[PDB]
Amino acid sequence: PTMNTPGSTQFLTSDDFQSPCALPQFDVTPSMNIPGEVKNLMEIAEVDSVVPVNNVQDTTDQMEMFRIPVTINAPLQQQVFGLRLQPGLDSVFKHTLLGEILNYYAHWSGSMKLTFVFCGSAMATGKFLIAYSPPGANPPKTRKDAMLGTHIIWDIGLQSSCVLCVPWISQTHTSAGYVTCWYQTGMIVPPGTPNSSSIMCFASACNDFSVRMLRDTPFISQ
Amino acid sequence: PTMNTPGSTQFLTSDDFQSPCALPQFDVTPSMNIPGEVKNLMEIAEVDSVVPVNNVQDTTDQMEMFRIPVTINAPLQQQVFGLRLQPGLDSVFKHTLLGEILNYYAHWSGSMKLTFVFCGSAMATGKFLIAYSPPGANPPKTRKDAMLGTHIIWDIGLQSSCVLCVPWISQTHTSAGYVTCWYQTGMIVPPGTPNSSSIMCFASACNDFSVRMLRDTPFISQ
Amino acid sequence: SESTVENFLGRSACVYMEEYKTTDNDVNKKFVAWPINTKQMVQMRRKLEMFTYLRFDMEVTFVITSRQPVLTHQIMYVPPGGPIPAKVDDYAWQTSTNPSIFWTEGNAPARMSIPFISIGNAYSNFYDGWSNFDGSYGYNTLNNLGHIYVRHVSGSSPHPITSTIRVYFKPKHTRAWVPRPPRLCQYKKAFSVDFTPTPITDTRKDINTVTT
Amino acid sequence: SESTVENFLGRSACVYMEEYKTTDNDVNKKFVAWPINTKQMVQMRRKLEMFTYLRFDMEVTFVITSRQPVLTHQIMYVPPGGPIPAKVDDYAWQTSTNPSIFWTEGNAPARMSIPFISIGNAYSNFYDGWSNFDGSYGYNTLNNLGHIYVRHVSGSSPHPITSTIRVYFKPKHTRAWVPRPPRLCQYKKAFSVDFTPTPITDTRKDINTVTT
Amino acid sequence: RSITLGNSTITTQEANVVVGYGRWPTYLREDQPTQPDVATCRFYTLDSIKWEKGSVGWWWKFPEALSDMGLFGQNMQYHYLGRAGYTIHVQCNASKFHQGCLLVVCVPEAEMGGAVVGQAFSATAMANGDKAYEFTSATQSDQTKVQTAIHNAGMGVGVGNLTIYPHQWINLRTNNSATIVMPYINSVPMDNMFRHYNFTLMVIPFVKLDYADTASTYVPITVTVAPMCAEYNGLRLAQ
């Protein structure tokens, strides 16, 4: 006696029911195996993508946002860049592969790694102090007190890439971590070598990400 | 041939039927274990609560309703308090924990215990005669004939609490029991001790309570 | 028993009633809007405030009548943090992430069951704290619930129809944690614990009075 | 999860809305015509353009209303490479190889599921090539889908009725192959990849600025 | 007897322990690292409160009453998510020629309505330092105050029915001490320590103090609190 119940006899836009085939007695062409099949959308957000760190105001050329300048003569203990770890709201991470998959969901959390690659000459040497601030803590104001937190002395003479894995990433719908980088012992080059170099930055999720509640992206206007 | 029957095709406000989920394909956050889980509403009514026995007319201060006065010089064989055992209608037990769970139901019966705690000095001594009258019997008029019923001589020199368990409690929709208390040998104190003391009273259900037919409380006005 | 927490709060009851006219000077009187909350029904508010934390599913059934063809009505649930319409027709009704029921009159009432939606592990009836830190006391966003907007579906040319919508609400699969003592004072607000002091109990006459 | 490709694109949403009047000077305003494509809904276009190849079944449900007896409406799907009607009544509506639904008002909405129709092994959202060889860029006929024509069924004597048809569309049993990076520019055409250059991201102020 | 408890602070005492809901404080058993601080466990003794003939009650909000205490109050400045249970010992010192009754009770998530309906109040109207707030016998009627009528408990409920929460009675002619071990109760695993007050402690005297002539005119009440099983979010990078 369930055909006269209150639920039945309506159209609900999210129902799953079988419905009559428009034309049966039709052979559907079989599927072939085509390289690369996606089955989850966390296989797109675990892929590295260049982060536009140097998106500073008064950039008159695009392609200058992916380069973080480093020069021979720069006063020691001077900040190189700052970042706020919030890949959904912060402009820096907003349009990355990671950032545009998390704007389809309303709740998410996990951990997401970063990598910093020095792209200068092969004759350059120097150091950098990459610091990290836990969420709910002010970014350091000097090189000296940014070394009393968590940090890594990256030497570009022996390494060419340094990887961080940042925990406690959440929707936060602020309190967010910070990653800052400072000059430690300038940059030193021998004769006949360029006086400027750059650092690129990559970002992706780890594998601890979880997303919940699908919703429309706020980057499309009708 | 039961989809065209007289019962079907109506809305009844007390029906239990499954109904389409508004949004399936949504992960619901798991439940955690939180201290103290209620599964029955007879776990709230088996908890003691102070009874406002001294709710006499012309009380100009609240907090004076939980104290039953006792003094050194009071004529012997004088009543201390009276109570009528009807926790749904009587004003005394009306707003207790027990009383406000039984006003959601229209039929109930069981047995409910009382406790009387002397809160005077530690140097005071004396006695009291706590009498009990079966339902359908007049309360005693003298100490002498209140001792020919059921009674307990409570000595506050050797005890500090005395417990009664009252049977035959029912909705009665009167005939009700009575619990009275009388002076037996005043109150005696040594030098330098307060001349007044008080008795508090607690009440709760036992475990024999049963409630039937849910209905709205008559203590809420729209 | 009937004393189980499940059956105590398992009852279904009316919670909102409103009317709208299709053609009206005001554009806010062409559709229903209703934040879902259980603090508007005085009778049921007291039964849900005997616990500090609750966890339940909702079942909402609508009874619609109309007064001057077949008349169709959209009923759109907006999950918390979705777009909200501000007009009788705008893109917020064309969103594909907001469930909708297209129901015609002369059929058994529309119904849908909204699951437990919250990123916490329970709803909290009482929250003693602040939102930002010292229009903030006693409000948190974890116990927030969606909205329901009706709106009569019609062609490109509207036609005068006056409708009355009644909403019924039933908690389902309830679990409850931590007792509270029942409310004693009358409610003076719909979102505050504000009250005016009341006597403990009704006065007798004398302490030895026991007359029926 | 809700992150599966199946559930990502499994949502149903409006895709076409049009009106027709039975009696009108124009003969092209006496019936609906609608080439099936998923490039008309801006919101859903971006979600289907994160893959280069898709394979799915379609489920199409129609919501019809009318304004001035019982009114009947034919809903005819024309598979690709079938006859197409050019008049309100002609032999193209009498074809026995074009599925049809005769639905009357006051019943639950009409619905049918069109299978995967294509002689290729997948639909292609992007095609870099030519049709004839160097009104040909970026169009191939393998990703072509049918048409839907409504038309109000009536006697030999028409009578004025104005109707509004809404079409809802849901991909079903989706499989997807080869990621693409999400779209960055606004769509300027309904059948082209044409665009106007846009900035990469929104400017900050200074590289050391990290204020919330 | 005397149990003579120690932790780096020694308190000699002793009724019996009343465990919250029958649940002892316990550690929470990735992308959230966590880590406990076991050096915060130790008694912190709040200032004595004079119980006189006038007084009608007192209250303290936790964990905002231990905010100025060393180490425990400094972890609230650093870590932005925390949890912890508590062990509270309320104890009086009085003679046999005094009389009174107290109700020690811990009310979780006690909202308090303002005095003058529909009016907002500051956060210094119920919590500030380790200072004890006070209930008033007569109804409050001040713009920037909480409604402090004693017979409604500041929540519009019966004052007699507050025995539905973890509690114990200090009757001066029997005992003189009470202990409540409160576990962590919240709807989330961890929460910010400054934006939320987990519970409140209250001491409410039914039966006023009385003491005859030429005896001490007050009885001191001493609250001692030691956090048990505190745990905070980690501050170091993952691997």
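- Deposited coordinates in this entry are attributed by the record to cryo-EM, at a stated resolution of 3.3 Å.

- Per the PDB entry, chain E goes by Capsid protein VP2 and derives from Human coxsackievirus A9.
- Its official PDB title, as written in the record, is "Expanded Coxsackievirus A9 after treatment with endosomal ionic buffer".

- Where the PDB entry is consulted, chain C appears under the name Capsid protein VP1, with the organism given as Human coxsackievirus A9.

A word on the overall build of chain E
Then, number 1: Secondary structure summary: chain E contains one helix and twelve strands in total.
Then, number 2: What you see in chain E, going N to C, is helices and strands ordered as β-β-β-β-β-α-β-β-β-β-β-β-β.
Then, number 3: Whereas a compact globule of 239 residues would reach a radius of gyration of roughly 18 Å, chain E reaches 19 Å, a difference of no more than 12%.
Then, number 4: Counting only C-alpha atoms and orienting by the principal axes, one finds that chain E spans roughly 70 × 55 × 30 Å.
Then, number 5: In chain E, which comprises 239 residues, the proportion classed as buried is 59%.
Then, number 6: Counting only carbon and sulfur atoms, one obtains 48% of the accessible surface of chain E, whose full area is about 9500 Å².
Then, number 7: Charge-centre separation for chain E: the mean point of 15 positive side chains lies 6 Å from the mean point of 17 negative side chains.

Side note on the overall build of chain C
Then, number 1: For chain C, the count of helices and strands is two helices and ten strands.
Then, number 2: The helix and strand sequence of chain C, counted from the amino end, reads α-β-β-α-β-β-β-β-β-β-β-β.
Then, number 3: A compact globule built from 212 residues should have a C-alpha radius of gyration of about 17 Å, whereas chain C, at 21 Å, is more than 25% larger.
Then, number 4: With respect to the three principal axes, the spread of C-alpha positions in chain C is 75 × 45 × 40 Å.

A short note on the interface of chain E and chain C
Then, number 1: On the side of chain C, 35 residues touch chain E, which itself brings 38 residues to the contact.
Then, number 2: Considering only residue class, the side of chain E that touches chain C consists of 19 nonpolar, 15 polar and four charged.

So, a nonpolar patch on the surface
Then, number 1: A surface patch of nonpolar side chains, about 410 Å² in accessible area, is lined by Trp130, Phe133 and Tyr137 of chain D.
Then, number 2: The residue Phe133 of chain D is located in the loop between β7 (123-124) and β8 (147-149) in this model.

Overview of the side chain of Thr222 of chain E
All names here are of chain E.
Then, number 1: You can see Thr222 is positioned in strand β12 (residues 219-232).
Then, number 2: On the accessibility criterion, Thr222 (16% relative accessible area) is buried.
Then, number 3: Within the local environment of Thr222, its side chain forms a polar contact with the side chain of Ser48, the two groups lying 3.5 Å apart.

Re unusual backbone geometry
Then, number 1: Cis geometry marks the peptide bond from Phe62 of chain E to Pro63 of chain E, where omega comes out at 10°.
Then, number 2: In this fold, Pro63 of chain E is placed in the loop between β5 (58-62) and α1 (75-78).
Then, number 3: The phi dihedral of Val178 of chain D is positive, around 70°, even though this residue is not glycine.
Then, number 4: The residue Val178 of chain D is located in strand β10 (residues 162-179) in this model.
Then, number 5: You will see that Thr4 of chain E, though not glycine, has its phi angle at about 55°, which is positive.
Then, number 6: Its place among the elements puts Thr4 of chain E in the segment before β1 (18-19).

Some thoughts on the nonpolar core
Then, number 1: Counting 130 residues, the largest nonpolar core has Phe81 and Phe116 of chain B as its most contacted members.
Then, number 2: The residues contacting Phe116 of chain B, other than those within four sequence positions of it, are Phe81, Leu83, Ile130, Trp154, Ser160, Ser161, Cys162, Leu164, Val179, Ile199, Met200 and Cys201 of chain B.
Then, number 3: With 89 residues, the next largest nonpolar core counts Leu114 of chain A together with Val15, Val60 and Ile117 of chain D among its residues.

A few points about the sheet that holds strand β8 (residues 133-134) of chain E
All names here are of chain E.
Then, number 1: Pairing is antiparallel across the open sheet formed by five strands, whose spatial order is β8-β5-β11-β7-β9. The open sheet terminates on both sides in strands that have one partner only, identified here as β8 and β9 (167-171).
Then, number 2: Bridge count for strand β7 (residues 101-108) against β9 is five bridges, and the pairing is antiparallel. Bridge assignment links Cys101 to a residue of β9, and that residue is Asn171.

Concerning the pattern of salt bridges
Residues and elements named next belong to chain D.
Then, number 1: What the rule picks out here adds up to 29 salt bridges over all chains.
Then, number 2: Of the charged contacts, one joins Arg45 and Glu49 as a salt bridge, the two residues approaching to 3.2 Å between their closest N and O atoms. The pair formed by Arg45 and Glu49 is uniform in burial state, with each residue classed as buried.
Then, number 3: A salt bridge links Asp57 to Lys172; the nearest nitrogen and oxygen atoms lie 3.9 Å apart.
Then, number 4: Overall, the relative accessible area of 22% leaves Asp57 in the partly exposed class.

With respect to the interface of chain D and chain A
Quite often, the size of an interface is put as the accessible area lost when its parts meet.
Then, number 1: In this assembly, 58 residues from chain D lie in contact with 67 residues from chain A.
Then, number 2: Interface area, chain D with chain A, both sides summed: about 5500 Å², of which 59% is carbon and sulfur.
Then, number 3: Summed over the shared surface of chain D and chain A, the result is four salt bridges.
Then, number 4: At the junction of chain D and chain A, the tally comes to 23 residue pairs in polar contact.
Then, number 5: When residues of the side of chain D that touches chain A are traced back to their parent elements, those giving at least two are α1 (5-8), α2 (42-45), β3 (51-67), β6 (110-114) and β10 of chain D.
Then, number 6: For the side of chain D that touches chain A, the leading source of residues is β10 of chain D, giving seven residues.
Then, number 7: Split into classes, the residues belonging to the side of chain D that touches chain A amount to 28 nonpolar, 16 polar and 14 charged.
Then, number 8: Two strands pair when backbone bridges link them, and strand β2 (residues 37-38) of chain A and β10 of chain D are joined in this way by two bridges, in the antiparallel orientation. Within β10 of chain D, the residue paired with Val38 of chain A across the bridge is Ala176 of chain D.

Regarding the environment of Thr45 of chain E
Residue and element names in this part refer to chain E.
Then, number 1: Looking at the secondary structure, you find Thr45 in strand β3 (residues 44-45).
Then, number 2: A residue is classified by how much of its surface remains accessible, and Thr45, at 46% relative accessible area, is partly exposed.
Then, number 3: Distance in space between the C-alpha atoms of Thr45 and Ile180 is 15 Å, their sequence separation being 135 residues.
Then, number 4: The residues contacting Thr45, other than those within four sequence positions of it, are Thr222, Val223 and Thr224.

What to know about the environment of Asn7 of chain D
Then, number 1: Within the secondary structure layout, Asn7 of chain D lies in helix α1.
Then, number 2: The buried category is assigned to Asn7 of chain D, whose relative accessible area is 12%.
Then, number 3: The residues contacting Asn7 of chain D, other than those within four sequence positions of it, are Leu214 of chain A, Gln25 of chain B together with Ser1 and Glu2 of chain D.

Observations regarding the sheet that holds strand β7 (residues 150-155) of chain B
Residues and elements named next belong to chain B.
Then, number 1: The four strands lie next to each other as β4-β9-β6-β7, forming an open sheet whose pairing is antiparallel. Where the open sheet ends on each side, the last strands, each with one partner, are β4 (79-85) and β7. Each neighbouring strand pair of the sheet contributes to a mean axis angle of 15°, computed without reference to strand direction.

Side note on the packing of aromatic side chains
Then, number 1: Enumeration according to the criterion identifies 39 aromatic pairs over all chains in this entry.
Then, number 2: Summarising the aromatic geometry, the rings of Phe128 of chain B and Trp154 of chain B are spaced 5.8 Å apart at their centres and angled 45° between planes, so their arrangement reads as tilted. On the criterion of sequence distance, the pair formed by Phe128 of chain B in strand β6 (residues 125-133) and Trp154 of chain B in strand β7 is long-range, its members being 26 residues apart.
Then, number 3: With relative accessibility at 1%, the residue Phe128 of chain B sits in the buried group.
Then, number 4: The ring of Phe126 of chain C has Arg180 of chain C lying over it, and the distance from NZ or CZ to the ring centre is 4.0 Å.
Then, number 5: Between the NZ or CZ atom of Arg42 of chain E and the centre of the ring of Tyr44 of chain E, over which it lies, the distance is 5.0 Å.

Notes on the environment of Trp169 of chain E
Then, number 1: Residue position: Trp169 of chain E is located in strand β9.
Then, number 2: The sequence separation of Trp169 of chain E and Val104 of chain E amounts to 65 residues, and the corresponding C-alpha distance is 6.3 Å.
Then, number 3: Sequence-distant contacts of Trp169 of chain E, that is, excluding residues within four places in its chain, are made with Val50, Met200 and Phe202 of chain B together with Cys101, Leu102, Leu103, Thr163, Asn175 and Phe206 of chain E.

Structural notes on the pairing of strand β10 (residues 162-179) of chain C
Residues and elements named next belong to chain C.
Then, number 1: Buried residues dominate β10, accounting for 14 of its 18 residues.
Then, number 2: When strand β1 (residues 13-21) meets β10, the two strands line up antiparallel, connected through eight bridges. Paired with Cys14 across the bridge in β10 is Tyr168.
Then, number 3: Two elements, strand β3 (residues 51-67) and β10, share 15 bridges in a ladder whose sense is antiparallel.

A word on the state of the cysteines
Think of a disulfide as a covalent bridge from one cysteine sulfur atom to another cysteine sulfur atom.
All names here are of chain B.
Then, number 1: Scanning the model with the defined rule gives zero disulfides over all chains in all.
Then, number 2: No disulfide involves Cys162; its sulfur sits 9.9 Å from that of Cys181, the nearest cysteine.
Then, number 3: Overall, the relative accessible area of 14% leaves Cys162 in the buried class.

What counts, and at which threshold
Residues numbered from 1 in each chain as written, not as in the entry; some residues may be left out. Chains lettered and ligands numbered in written order. Part of a larger assembly, values for the part shown. Heavy atoms only, no water. Residues with missing side-chain atoms left out of burial classes, pairs and counts. Helix = DSSP H or I, 4+ residues; strand = E, 2+ residues; numbered from the N terminus. Rg over C-alpha atoms; globule rule 2.2 N^0.38 Å. Buried < 20%, exposed > 50% of the residue type's maximum accessible area, 1.4 Å probe, protein only. Areas by Shrake-Rupley, 256 points an atom, 1.4 Å probe, with all protein chains shown as cover. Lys, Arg positive; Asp, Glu negative; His and termini not counted. Charge placed at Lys NZ, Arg CZ, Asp CG, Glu CD. Contact = heavy atoms within 4.5 Å. Nonpolar A, V, L, I, M, F, W, Y, C, P; charged D, E, K, R; others polar. Patch = residues over 30% accessible without salt bridge, like charges linked within 9 Å, V, L, I, M, F, W, Y side chains within 5 Å. Salt bridge = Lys/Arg side-chain N within 4 Å of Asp/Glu carboxyl O. Polar contact = N/O pair within 3.5 Å; in protein donor to acceptor, adjacent residues only side chain to side chain. Core = buried A, V, L, I, M, F, W, Y, C linked by side-chain atoms within 4.5 Å. Pairing = 2+ DSSP bridges. Buried area = accessible area lost by both parts, 1.4 Å probe. Axes fitted to C-alpha atoms, helices over the stretch in contact; angles between N-to-C directions. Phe/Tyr/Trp six-rings, centres within 6.5 Å; stacked < 30°, edge-to-face > 60°. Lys NZ or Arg CZ within 6 Å of the ring centre and 35° of its normal. Disulfide = S-S within 2.5 Å.

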